[PDB]
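Here are the chains, one letter per residue:
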Amino acid sequence: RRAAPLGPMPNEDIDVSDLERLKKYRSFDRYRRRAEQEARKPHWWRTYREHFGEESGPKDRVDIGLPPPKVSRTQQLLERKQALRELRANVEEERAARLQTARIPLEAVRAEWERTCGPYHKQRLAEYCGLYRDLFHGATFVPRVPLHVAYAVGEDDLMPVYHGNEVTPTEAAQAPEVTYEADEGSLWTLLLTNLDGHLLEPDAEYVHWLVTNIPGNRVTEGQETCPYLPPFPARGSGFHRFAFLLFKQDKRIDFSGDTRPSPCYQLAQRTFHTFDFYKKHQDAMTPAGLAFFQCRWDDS
Amino acid sequence: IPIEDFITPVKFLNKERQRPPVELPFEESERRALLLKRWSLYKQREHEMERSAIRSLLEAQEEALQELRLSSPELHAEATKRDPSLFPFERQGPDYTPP
Amino acid sequence: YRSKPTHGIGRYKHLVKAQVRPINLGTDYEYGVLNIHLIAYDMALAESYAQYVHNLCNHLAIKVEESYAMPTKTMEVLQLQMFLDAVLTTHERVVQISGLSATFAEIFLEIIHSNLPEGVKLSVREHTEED
Amino acid sequence: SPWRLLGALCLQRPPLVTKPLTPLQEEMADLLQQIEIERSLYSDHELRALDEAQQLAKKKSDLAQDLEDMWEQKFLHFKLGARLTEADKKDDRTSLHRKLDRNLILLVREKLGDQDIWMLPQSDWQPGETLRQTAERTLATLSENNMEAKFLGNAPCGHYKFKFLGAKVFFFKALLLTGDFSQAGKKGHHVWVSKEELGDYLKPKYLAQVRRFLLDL
């Protein structure tokens, strides 16, 4: 008893008559490539991807972004072609390349990464640590604006917070400094959330440091709501993740429901859902920057 | 009874002490490297000009065959067999000095 | 599994097969087994044009089966005036092309004879040869 | 639909002497010469040059040169045939002996009653005669020569239609082995022409596309 194959059968397309005239995989590598290409397509039979939890597979993204930066492509293409012409025709770079001596200027790479491609890497790195699932719950924001968060560990020593890096509660015992660039028409709101580690309520988080109504780069000049609270993980549970968020606001907003007492030591006073918060202020608030750090129990 | 000449001769065994040394300056090394790269480029161009040549030739051949077949079919019957002339073909390469 | 719609996804061996006569039809003329004898004096030169022939043949979609080297014919030449003895070496390579048509022959011959190197001799034959 | 059948034959003269090299091919030749002399293990002349030269000094404190001399003087005793048998004449485009390096082709002048015709050889082929047979026949006939012509195949090179009636010019390839030309001074005007000359001397467009299946070299 035979059934009828449903649509395509993997090798059906190639003609077995006269096998000598078909090109071959001479390289194990070519075979490897074609193989993975096939493994990525959605076949009509039971496959590895199906049973192993592809994280829902296809998902139709709710994108709350800061609108994509407007650029003319012909300009870019030409300027790049020319930059390449200037760079390649130099005999210095050829002599240097042949003899295996060259260095790439990491700082400038950091500048270009920031300018172009980085904001996209941010998206999937946040996706990796799931900065999306717990906060905006379905929604993806592309991190348009560069966000530099830093803790001072000494007079001369600065600890950077990169998205995904590991930091100790000792360096987080003090308030951070922030760098991002805007002229003054600007209105900003910045947030630091502890995404896991809520003891009573698994789906709730701890707002640590919340700041509102910021012109330009001036952090001291923004009205603060939650004064800074050093991360307080549990001895047992490892590696909590902490999210730094940025929002643009159109008109200056003041919200009394969010206001907290000045010393504010009590834990139940800080209970948070980024979801509800963003529901409250949604129309005036657009999500901008993202920087997160991962921290585990320490002596302090 | 096949025997190839690919064998390295036994005569060459102990005579090996004659030409060991090699040393190059960065000037000669670079001189040969530049000439090498230029060479590879050059050849890649040249193969392309010859392939273009033979391709254009065979296109002229196509025009030919198609025309001659369409006009008179007796010629598609005549011309398509490969005659006995090609069996004993002997061509000898160019010389340095003519007769 | 025979009953399932997916029976034979695993099927391969028809894809790789692990297991003469010229055809003259008067229209489609397949001449099998053309033997090309390159007789050149220099090892380097013989290797050069042999390699070149094979290389081109690969590109032309023309099938090449066996490229081998025939035994070196050493002609010891006695120079008669007083005697002089100059040892001399003839080298032969063979490129056997398994199929061809009249038109691709017409094309083939041109590239061959045109691109012949200095002091290079060519002989085109049929597959019956013995070693 | 009357078809006036006219064969035509492209005549190929084999290049005799080797062509000179591009400046780059020269530089590359130099490079390969150097590296090939570098990878080379011993020599008989060199073993017996160096070992003897070092042993003689040791015999004095306690051949290769003669060979070199004999070789030099014997190479100087040998006078070689000139590579240019053409540009010394410089005139005859009608000489078969002209271009040793290149491939040459035959070309003829014909003034007919209603037409001024410059003919890359043209054969009128009767429908009964094979294209082959007519090509060869008109070849040996017109030039008034004994020609051993090695034709590649029964396949024709290129085909061109001058349509009034309709009429076909069918072009073929003959590789000339040994020409024997009777009375080189007979009035039929024939030209022995290279690629550059074939470009210029060919007025018709049917021939202007015959230089398209020409083999450049």
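Positions are assigned from 1 on a per-chain basis following the written sequence, which can diverge from the numbering of the entry; residues without coordinates are not listed. Whichever chain is written first is A, and whichever ligand is written first is 1; the rest continue in order. Any value mentioned applies to the visible chains, which represent part of a larger assembly rather than the whole. Derived side-chain values reflect all non-hydrogen atoms in the structure, with water molecules and hydrogen atoms excluded from consideration.

- Method of structure determination, per the deposited record: cryo-EM was used for this entry, reaching 3.40 Å resolution.

- Going by the annotation in the PDB entry, the name recorded for chain B is MITORIBOSOMAL PROTEIN ML40, MRPL40, with Sus scrofa given as the source organism.
- Here the entry title, as the record gives it, is "Structure of the large subunit of the mammalian mitoribosome, part 2 of 2".

- With the PDB entry as reference, chain A is termed MITORIBOSOMAL PROTEIN ML38, MRPL38, source organism Sus scrofa.
- Under the Sequence similarities (unreviewed entry) heading, UniProt states for chain A: "Belongs to the phosphatidylethanolamine-binding protein family. Mitochondrion-specific ribosomal protein mL38 subfamily."
- UniProt positions are given in the numbering used here, feature names are shortened, and annotations may be inferred rather than shown by experiment. Turning to chain A, the UniProt annotation filed under Subcellular location (unreviewed entry) states: "Mitochondrion".

Examining the pattern of salt bridges
Then, in step 1: Here, a salt bridge means any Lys or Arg side-chain nitrogen found within 4 Å of an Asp or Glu carboxyl oxygen. Applying the stated criterion across every chain, the model contains 33 salt bridges over all chains.
Then, in step 2: Here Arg132 of chain D makes a salt bridge to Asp83 of chain B, at a shortest N to O gap of 2.9 Å. With one member in each of two chains, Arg132 of chain D in helix α4 (residues 131-143) and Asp83 of chain B in the loop between α2 (74-78) and β1 (89-92) form a pair that bridges those chains.
Then, in step 3: A single network of salt bridges, built from pairs that share partners, joins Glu86, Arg93, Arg98 and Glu197 of chain D. Each helix corresponds to a stretch of at least 4 residues labelled H or I by DSSP, and each strand to a stretch of at least 2 residues labelled E; elements are numbered beginning at the N terminus.

Considering the arrangement of the chains
Then, in step 1: Of all 5 pairs of chains that touch, the greatest number of contacts is found between chains B and D.
Then, in step 2: Contact definition: two residues touch when any of their heavy atoms are within 4.5 Å. One finds no contact between chain A and chain D; the C-alpha atoms of the two approach each other to within 19 Å at their closest.

Examining the nonpolar core
Then, in step 1: Counting 56 residues, the largest nonpolar core has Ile36, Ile97 and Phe108 of chain C together with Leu120, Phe171 and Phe213 of chain D as the members making the most contacts within it.
Then, in step 2: Aside from chain neighbours lying at most four places away, what touches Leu120 of chain D is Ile105, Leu106, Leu107, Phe171, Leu198, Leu202, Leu207 and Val210 of chain D.
Then, in step 3: Residues belong to a common nonpolar core when they are buried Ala, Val, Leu, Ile, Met, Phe, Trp, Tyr or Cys residues joined through side-chain atoms within 4.5 Å. Partly exposed residues are those whose accessible area sits between 20% and 50% of the maximum for their type, while under 20% is buried and over 50% is exposed, using a 1.4 Å probe and protein chains only. With 24 residues, the next largest nonpolar core counts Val145, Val149, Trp188 and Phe242 of chain A among its residues.

Thoughts on the sheet that holds strand β6 (residues 177-179) of chain A
Where strands meet in a sheet, backbone hydrogen bonds hold them as pairs that are either parallel or antiparallel.
Residues and elements named next belong to chain A.
Then, in step 1: Taken together, 3 strands build an open sheet; the order of strands is β4-β3-β6 and the sheet is antiparallel. At either end of the open sheet lies a strand with only one pairing partner, and these are β4 (158-161) and β6. Direction aside, the axes of adjacent strands within the sheet are offset by 30° on average.
Then, in step 2: Strands are treated as partners if at least two bridges between them are detected by DSSP. The pairing of strand β3 (residues 148-152) with β6 spans 3 bridges and is antiparallel. Bridging across to β6, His148 finds its partner in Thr179. All axes are obtained by fitting lines to C-alpha atoms, using only the stretch in contact for helices, and the reported angles, taken between N-to-C directions, cover 0 to 180 degrees.

A closer look at unusual backbone geometry
Then, in step 1: Of note in the backbone geometry, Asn213 of chain A takes a positive phi value of approximately 55° without being a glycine.
Then, in step 2: Even without being a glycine, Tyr42 of chain D presents a positive backbone phi close to 50°.
Then, in step 3: Tracing the chain through its elements places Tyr42 of chain D in the loop between α1 (23-38) and α2 (44-61).

Re the packing of aromatic side chains
Describing an aromatic ring pair means giving the distance of the ring centres and the angle of the ring planes.
Then, in step 1: Two rings belonging to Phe, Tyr or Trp (six-membered ring only in the last case) form a pair when the distance between their centres is within 6.5 Å. Interplanar angles under 30 degrees mark stacking, angles over 60 mark edge-to-face geometry, and anything in between is tilted. Per the counting criterion, the structure on display carries 25 aromatic pairs over all chains.
Then, in step 2: Here the aromatic rings of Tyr25 of chain A and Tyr31 of chain A are separated by 5.5 Å at their centres, their planes lie at 85°, and the arrangement is edge-to-face.
Then, in step 3: The interplanar angle of 85° and the centroid separation of 5.1 Å between the aromatic rings of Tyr160 of chain D and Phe171 of chain D together place this pair among those described as edge-to-face. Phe171 of chain D carries the same exposure label as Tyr160 of chain D, and that label is buried.
Then, in step 4: Through pairs of rings, three or more aromatic residues link up here, namely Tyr132, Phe136, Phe141, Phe247, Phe272, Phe277 and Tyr278 of chain A.
Then, in step 5: When the ring centre of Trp297 of chain A is taken as reference, the NZ or CZ atom of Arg235 of chain A above it lies at 6.0 Å.
Then, in step 6: Placement of a positive charge over a ring is assigned whenever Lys NZ or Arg CZ falls within 6 Å of the ring centre and within 35 degrees of the normal to the ring plane. For the cation-ring pair, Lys205 of chain D lies above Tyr206 of chain D, with the distance from its terminal atom to the ring centre recorded as 5.2 Å.

A word on the interface of chain B and chain D
Then, in step 1: Taken together, the contact pairs 37 residues of chain B with 51 residues of chain D.
Then, in step 2: Two parts lose some accessible area (1.4 Å probe) when they are put together, and adding that loss for both gives the buried area. Counting the surface lost from both chain B and chain D, the interface buries some 4200 Å², and carbon and sulfur atoms represent 58% of this.
Then, in step 3: Residue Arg32 of chain B pairs with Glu38 of chain D through a salt bridge whose shortest N-O separation is 3.3 Å.
Then, in step 4: Polar contacts here mean pairs of N or O atoms no more than 3.5 Å apart (in protein, one a potential hydrogen donor and the other a potential acceptor; neighbouring residues in sequence count only if both atoms are side-chain atoms). Counting across the chain B and chain D interface gives 21 residue pairs in polar contact.
Then, in step 5: At the level of secondary structure, the elements contributing two or more residues to the side of chain B that touches chain D comprise α1 (26-71), α2 and β1 of chain B.

Details of helix α2 (residues 102-114) of chain C
For the α-helix, the turn length of 3.6 residues means that residues three or four positions removed from each other point alike.
Residues and elements named next belong to chain C.
Then, in step 1: Expected helix span is given by 1.5 Å per residue-to-residue step, counting one fewer step than there are residues. Relative to the 18 Å expected for 13 residues at 1.5 Å per residue, α2 spans 19 Å between its end C-alpha atoms, a close match to the ideal helical length.
Then, in step 2: Taking burial as the measure, the 13 residues of α2 include 10 buried ones, the bulk of the element.
Then, in step 3: Looking only at α2, the buried set comprises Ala102, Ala105, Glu106, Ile107, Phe108, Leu109, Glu110, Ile111, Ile112 and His113.

Comments concerning a nonpolar patch on the surface
Then, in step 1: Like charges within 9 Å and nonpolar side chains (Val, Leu, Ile, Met, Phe, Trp, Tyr) within 5 Å are joined into patches, using only residues over 30% in relative accessible area that form no salt bridge. In these tables, accessible area is a Shrake-Rupley quantity obtained with a 1.4 Å probe, and a residue counts as shielded only by the protein chains included in the view. Taken together, the side chains of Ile104, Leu106 and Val109 of chain A define a hydrophobic patch exposed on the protein surface, amounting to about 330 Å² of accessible area.
Then, in step 2: Following the sequence through the fold, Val109 of chain A ends up in helix α5 (residues 106-115).

Section: the sheet that holds strand β8 (residues 120-126) of chain C
Then, in step 1: Taken in spatial order, the 5 strands line up as β1(B)-β8(C)-β3(C)-β7(C)-β4(C) in an open sheet, and their pairing is antiparallel. One side of each edge strand has no neighbouring strand; the edge strands of this open sheet are β1 of chain B together with β4 (64-73) of chain C. The sheet shows a mean angle of 15° between the axes of neighbouring strands, direction not considered.
Then, in step 2: The sheet strands contacting helix α1 (residues 43-59) of chain C are β3 (34-40), β4, β7 (90-97) and β8 of chain C, and the helix crosses β7 of chain C at an angle near 5°.

So, the environment of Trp209 of chain A
Residue and element names in this part refer to chain A.
Then, in step 1: Structurally, the position occupied by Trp209 is in strand β8 (residues 206-214).
Then, in step 2: In sequence terms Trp209 and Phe136 are 73 residues apart; their C-alpha atoms lie 18 Å from each other.
Then, in step 3: Setting aside its immediate chain neighbours within four residues, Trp209 contacts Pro176, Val178, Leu190, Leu191, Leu192, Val219, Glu224, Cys226, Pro227 and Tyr228.

What about the environment of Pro21 of chain B?
All names here are of chain B.
Then, in step 1: The topology assignment puts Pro21 in the segment before α1.
Then, in step 2: On the basis of relative accessible area, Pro21 is assigned to the exposed category, the value being 57%.
Then, in step 3: Linking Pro21 and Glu78, residues 57 residues apart in sequence, is a C-alpha distance of 66 Å.

Observations regarding the environment of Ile39 of chain C
Residue and element names in this part refer to chain C.
Then, in step 1: Residue placement: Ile39 occurs in strand β3.
Then, in step 2: Since its relative accessible area comes to 29%, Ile39 is described here as partly exposed.
Then, in step 3: The spatial distance from the C-alpha of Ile39 to the C-alpha of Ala50 is 9.7 Å, given a sequence separation of 11 residues.
Then, in step 4: When sequence neighbours within four positions are dropped, the list of residues in contact with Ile39 reads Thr90, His91, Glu92, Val120 and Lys121.

Things to note about the side chain of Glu110 of chain C
Then, in step 1: Relative to the helices and strands, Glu110 of chain C resides in helix α2.
Then, in step 2: Residues counted as positive are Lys and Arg, residues counted as negative are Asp and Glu, and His and the chain ends are not counted. In this structure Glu110 of chain C is buried but unpaired, with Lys173 of chain D as the nearest side chain of opposite charge at 4.3 Å.
Then, in step 3: Beyond its immediate chain neighbours, meaning those up to four positions away, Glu110 of chain C contacts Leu57 of chain B together with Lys173 and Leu215 of chain D.

Quick look at the state of the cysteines
Residue and element names in this part refer to chain A.
Then, in step 1: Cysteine sulfurs are considered disulfide-paired once they come within 2.5 Å of each other. Here the structure, examined in full by the defined rule, presents 0 disulfides over all chains.
Then, in step 2: Free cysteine: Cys129, not disulfide-bonded; nearest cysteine sulfur from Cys295 at 14 Å.
Then, in step 3: Not part of a disulfide, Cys264 finds its nearest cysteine sulfur in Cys226, a span of 5.4 Å.
Then, in step 4: Residue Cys264 is classed as buried on the basis of its relative accessible area, which comes to 5%.

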